[PDB]
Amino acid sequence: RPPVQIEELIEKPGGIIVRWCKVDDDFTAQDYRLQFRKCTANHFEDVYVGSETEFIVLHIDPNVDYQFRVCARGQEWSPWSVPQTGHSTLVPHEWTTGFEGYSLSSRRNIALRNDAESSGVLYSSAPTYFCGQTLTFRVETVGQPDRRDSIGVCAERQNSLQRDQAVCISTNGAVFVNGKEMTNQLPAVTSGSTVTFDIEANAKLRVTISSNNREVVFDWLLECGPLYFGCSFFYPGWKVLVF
């Protein structure tokens, strides 16, 4: 028989875990080969070749069906598994509603620092930044900068995000890791600037922050369950979209 089949597809907000089963005990596997394609597309691409029986597929479009197949070697490759189609799950990124100092768009994904007083950080409505996602913000409008400005991700909704157990950028391009500024800076944000967060596997994560065609990579040590994101601006007029 074709010696391997896909046994589990674990669909998550930031990707898909594919796990396969050797379905013929008499086969001796040296290597496995996993391929994928968008169901809209007509060409498979290798994503994993190796001896493990699972692979975490990241950086796929939510909403979108992909098809996966796997074979094995143990020399020529074996016939393919039956294909299996999966998709990442959809959990939309939204700002908290009802937080004093911020006004939201209809779909709750654009926040504006208005003229009211504000308690502190405007957090995401829940911890919806998941392992494997690319989290993207865009600055729609600006106001006066202040070093209490931040945009970032953090482990708990705590009563700026320049503090422990968070990573964030300020509006001058400075980057903070658990409250401590890094040497390397990004360009200051202007209207139209995007800020992107990518994170890679206590716990040590390696964070890539990209903004205005520059990036900085560094290690983040926290105590990868889902994260909050947040923003804080001291002066009015700043407006940020999260994708």
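The first residue of the sequence shown is number 1, and the count goes up from there.
In terms of unmodelled positions of the deposited sequence, the chain runs continuously from residue 25 to residue 26 in this entry. The modelled chain is continuous from residue 97 to residue 98, since every residue of the deposited sequence in that stretch has coordinates. The deposited model assigns a higher average Cα B-factor to 203-211 than to the other stretch when 170-178 and 203-211 are compared. When the two stretches 183-191 and 213-221 are set side by side, the higher mean Cα temperature factor goes to 213-221.
By the numbers in the PDB entry, the CA B factor is greatest at 148 among 113, 148, 93, 87.
Sorting 29, 56, 47, 64 by the CA temperature factor given in the entry leaves 64 at the top.
Per the deposited record, the Cα B-factor of residue 101 falls in the middle third when ranked against the other modelled residues of its chain. Ranked against the other modelled residues of its chain, the C-alpha B-factor of residue 81 as given in the entry falls in the lowest third. In the deposited entry, the Cα temperature factor of residue 229 sits in the bottom third of values across the chain's modelled residues. Ranked against the other modelled residues of its chain, the C-alpha B-factor of residue 132 as given in the entry falls in the middle third. Among the modelled residues of the chain, residue 121 sits in the lowest third by CA temperature factor in this PDB entry.
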